Amino acid sequence: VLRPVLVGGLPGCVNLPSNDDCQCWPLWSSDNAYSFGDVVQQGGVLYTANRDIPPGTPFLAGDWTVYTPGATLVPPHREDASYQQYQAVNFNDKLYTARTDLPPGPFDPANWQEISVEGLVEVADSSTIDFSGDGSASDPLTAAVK
Amino acid sequence: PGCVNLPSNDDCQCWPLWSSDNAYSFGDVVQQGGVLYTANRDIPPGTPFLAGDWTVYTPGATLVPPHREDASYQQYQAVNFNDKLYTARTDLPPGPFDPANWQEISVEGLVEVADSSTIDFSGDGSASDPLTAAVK
């Protein structure tokens, strides 16, 4: 129900928020180059990059990604980023780590650390009859021409 | 200056302050008691500040938390399950684990002791750089 309000009694009947907080994070703008993994605000939501963006491109939704500080991402290998030392990345489903600061370019195994473990490759022979064994017993290529 | 007509100019803060009302999702960041913490699971509103759900935040870190059933995950988020490394295929809602979504495995790359046959030669150890190349 509506009830009167006296003089100066306004603050009791209504409450006011606080002034606007500072935009501590930078603001997206097409006049800036961006490297892999930077941070920007746009429309009240934080975002991060996925590739070296040259200035002038509009805000393509395919480039950026939502930013959630508590997550751990392992993006698939890409031919555009500028990765940092000890940077994780997925290639052909194989984990890897950069060795130094890498400028863009095609994948080059010479610069990426790898972990290794022995395995047991499944083998069938078909027209390469007698394909059998693996690398343990030193018999990975038992096959012969059929 | 007595301007009640206007909102009260308050101090400026650049990190969300915890509350009992705001709903949080796995990974959100809050400021509590002058310290920064991070969520561990989707928290419905009204819950108190249970100490078993918020981890101390340290930006330089890098974590691989165990898989859960009450979390929301983004594409390519990494999780540990049965002592194995998994990565999500697409953003997921809360739910039990299933191989369909998560990347089957993240693996390393084998090595092998090649055998030279009498008809065709073998490769070079199957390492990512020297692929196993055979000739006649």
# chains A, B, ... in the order shown; residues from 1 in each chain; ligands from 1
$ interface_residues --of "chain B" --to "chain A" --cutoff "8 Å" --atoms "only C-alpha atoms" --output "PyMOL selection string"
chain B and resi 4+7-14+26-29+38-39+62-64+74-78+87+105-120+122+128-129
$ select_by_dssp --residues "region 37-96 of chain B" --states "strand (DSSP E or B)" --output "PyMOL selection string"
chain B and resi 37-38+43+55-56+66+73+77-81+84-87+92
$ write_last_selection --atoms "N, CA, C and O atoms" --output "short mmCIF file (atom, residue, chain, number, x, y, z; two decimals), in the first residue's frame"
data_model
loop_
_atom_site.label_atom_id
_atom_site.label_comp_id
_atom_site.auth_asym_id
_atom_site.auth_seq_id
_atom_site.Cartn_x
_atom_site.Cartn_y
_atom_site.Cartn_z
N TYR B 37 39.58 -15.56 -4.17
CA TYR B 37 39.37 -16.99 -4.27
C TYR B 37 38.70 -17.31 -5.60
O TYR B 37 38.25 -16.42 -6.33
N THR B 38 38.63 -18.60 -5.90
CA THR B 38 38.00 -19.07 -7.12
C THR B 38 37.06 -20.22 -6.79
O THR B 38 37.28 -20.96 -5.83
N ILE B 43 27.62 -23.09 -7.83
CA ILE B 43 27.08 -22.84 -6.50
C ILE B 43 25.71 -22.20 -6.66
O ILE B 43 25.61 -21.08 -7.17
N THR B 55 39.05 -22.00 -3.66
CA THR B 55 40.49 -22.15 -3.61
C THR B 55 41.16 -20.78 -3.68
O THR B 55 40.68 -19.87 -4.36
N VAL B 56 42.28 -20.65 -2.97
CA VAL B 56 43.04 -19.41 -3.01
C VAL B 56 43.55 -19.19 -4.42
O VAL B 56 44.09 -20.10 -5.05
N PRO B 66 40.48 -32.68 -10.36
CA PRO B 66 39.77 -33.92 -10.67
C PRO B 66 38.42 -33.64 -11.28
O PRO B 66 37.77 -32.64 -11.00
N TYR B 73 31.98 -26.69 -17.77
CA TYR B 73 33.30 -26.69 -18.38
C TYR B 73 33.24 -26.05 -19.76
O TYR B 73 32.27 -26.23 -20.49
N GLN B 77 38.75 -27.42 -21.80
CA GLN B 77 39.13 -27.49 -20.40
C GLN B 77 39.69 -28.86 -20.09
O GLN B 77 39.18 -29.88 -20.56
N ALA B 78 40.75 -28.90 -19.29
CA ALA B 78 41.45 -30.14 -18.96
C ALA B 78 41.04 -30.64 -17.59
O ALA B 78 40.90 -29.85 -16.65
N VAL B 79 40.85 -31.95 -17.47
CA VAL B 79 40.44 -32.58 -16.22
C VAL B 79 41.16 -33.91 -16.07
O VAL B 79 41.62 -34.51 -17.04
N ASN B 80 41.23 -34.37 -14.83
CA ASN B 80 41.89 -35.61 -14.47
C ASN B 80 40.85 -36.62 -14.02
O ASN B 80 40.03 -36.32 -13.16
N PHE B 81 40.90 -37.81 -14.60
CA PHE B 81 39.91 -38.85 -14.31
C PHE B 81 40.58 -40.20 -14.46
O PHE B 81 41.13 -40.50 -15.53
N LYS B 84 44.12 -40.13 -15.68
CA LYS B 84 44.33 -39.87 -17.09
C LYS B 84 43.97 -38.42 -17.40
O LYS B 84 43.23 -37.77 -16.66
N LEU B 85 44.51 -37.92 -18.50
CA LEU B 85 44.33 -36.54 -18.91
C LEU B 85 43.26 -36.45 -19.98
O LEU B 85 43.36 -37.13 -21.01
N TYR B 86 42.26 -35.62 -19.75
CA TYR B 86 41.15 -35.44 -20.68
C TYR B 86 40.99 -33.96 -21.00
O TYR B 86 41.38 -33.09 -20.21
N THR B 87 40.41 -33.68 -22.16
CA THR B 87 40.07 -32.32 -22.54
C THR B 87 38.70 -32.32 -23.20
O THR B 87 38.40 -33.22 -23.99
N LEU B 92 30.12 -27.82 -21.75
CA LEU B 92 29.23 -28.84 -21.22
C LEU B 92 28.50 -28.33 -19.99
O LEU B 92 29.01 -27.45 -19.28
#
$ closest_residue --among "A:43, A:107, A:64, A:54" --to "residue 77 (chain A)" --atoms "only C-alpha atoms"
A:107
$ closest_residue --among "A:62, A:55, A:44, A:106" --to "residue 79 (chain A)" --atoms "only C-alpha atoms"
A:106
$ closest_residue --among "A:27, A:63, A:129, A:97" --to "residue 46 (chain A)" --atoms "only C-alpha atoms"
A:27
$ select_by_dssp --residues "region 8-75 of chain A" --states "alpha helix (DSSP H)" --output "PyMOL selection string"
chain A and resi 10-13
$ atom_distance --atom1 "CA of residue 36 (chain A)" --atom2 "CA of residue 83 (chain A)"
7.1 Å
$ residues_around --residues "residue 29 (chain A)" --least-positions-apart "5" --cutoff "12 Å" --atoms "only C-alpha atoms" --output "list in words"
residues 34, 39, 40, 41, 42, 43, 53, 54, 55, 56, 57, 58 and 59 of chain A
